[PDB]
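Take a look at this single chain, the form deposited in one PDB entry, given in structure tokens.
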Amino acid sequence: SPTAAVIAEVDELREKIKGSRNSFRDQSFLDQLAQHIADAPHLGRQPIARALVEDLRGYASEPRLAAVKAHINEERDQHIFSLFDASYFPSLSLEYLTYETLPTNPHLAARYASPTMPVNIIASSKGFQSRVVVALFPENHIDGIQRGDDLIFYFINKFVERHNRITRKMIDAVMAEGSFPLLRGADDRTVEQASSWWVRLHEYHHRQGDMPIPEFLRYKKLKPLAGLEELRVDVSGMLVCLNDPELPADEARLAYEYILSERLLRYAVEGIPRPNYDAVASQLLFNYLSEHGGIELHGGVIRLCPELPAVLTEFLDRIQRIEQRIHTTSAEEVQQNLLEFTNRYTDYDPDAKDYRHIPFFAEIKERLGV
């Protein structure tokens, strides 16, 4: 494969520079890296590799990857190639991938517009093969810059994999029979459609409300608050799927089931030994819905109440009431009120200043190995 030879050349350069991350912005290093890319028989002739070499060679006077980002944002082709520094995606250094785009619903893309690219990875260098790397954000390039119109990529093939490995067996073990009928036996293309709706609604709603990100990002990185923000936007997305009549009814109900099953099950067991940010918020959701009549526990399995849409609306309204006071109080005062809400419905240890998995999901982690 010509692409196979390109990626082989990238993986060898990646191996050569693995011990050199502290030099990734040093011009002596970048000049040498650029030359090695330029001289790579297959990689060096790719248009996107011409762009990266240009950006790297100019980095001492312009610390941006403007030519690379212009190629990517204009979708000149379906190749992504760059030098990365993303602390939460540590496997990424010099990396290359090819992707394929997915069908898009016109109303969804118009009404809930964002620069989001749900794609499948077709081929990729080693860094992009890590299970951790489920997306690619503009600030992940070494220049660390993001613009509101930069494209953001989500690797839907990885979310399909995670759904089939974790969520499906949790649905079987944890939900009352008939809870997610459209998901039952659904093929990978159906899960792919649902997941692509999820990411599109997710990115759109992050930018909405009284404390949108990135504006208030630095107030929403604390574990409980990062999770609660994730949950704000995904509950918004579930409600859009339930309420917006211009979305196709079959696809919308499927996306609803996908987002709800993921937030009620897969995200709820994330993290060992303590829950991660997603799981704290999913456990808040679980306990909130339990105590407010949205779900019921019978024989250890979750029944979705017919009233759930009303309770989800109550929940999102509650979060929005807390955030609305940003107009009369400080960001820090709002944070304390979001933490107080979170802690009412989660297992917070005040001496460790951290959370424990609630017993319901601790038992499921032990039973299912999730």
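Position 1 is the first residue in the sequence shown; the rest follow in order.
What follows is about the form deposited with a small molecule bound, which we do not show.
K.L.:
Pick the stretch from 296-304, 270-278, 122-130, 101-109 whose residues have a heavy atom within 4.5 Å of the small molecule in the entry with it bound.
P.N.:
The contacting stretch here is 270-278.
K.L.:
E251 versus the small molecule, in the entry with it bound: is there a non-hydrogen atom within 4.5 Å?
P.N.:
No.
K.L.:
With the partner left out of view, is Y154 within 4.5 angstroms of the small molecule in the entry with it bound by any non-hydrogen atom?
P.N.:
Yes.
K.L.:
Using a 4.5 Å heavy atom cut-off, state whether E230 contacts the small molecule in the entry with it bound.
P.N.:
Looking in the entry with it bound, residue contacts with the small molecule include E230, since a heavy atom lies within 4.5 Å.
K.L.:
Is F180 close enough to touch the small molecule in the entry with it bound, meaning at least one heavy atom pair within 4.5 Å?
P.N.:
No, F180 sits far enough from the small molecule in the entry with it bound that none of its heavy atoms falls within 4.5 Å.
K.L.:
Of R263, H205, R168, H71, which one comes within 4.5 Å of the small molecule in the entry with it bound, counting heavy atoms only?
P.N.:
Checking each option against the small molecule in the entry with it bound, the one that comes within 4.5 Å is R263.
K.L.:
Which residue among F159, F84, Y288, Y256 has a heavy atom within 4.5 angstroms of the small molecule in the entry with it bound?
P.N.:
For this set of options, the contacting one is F159.
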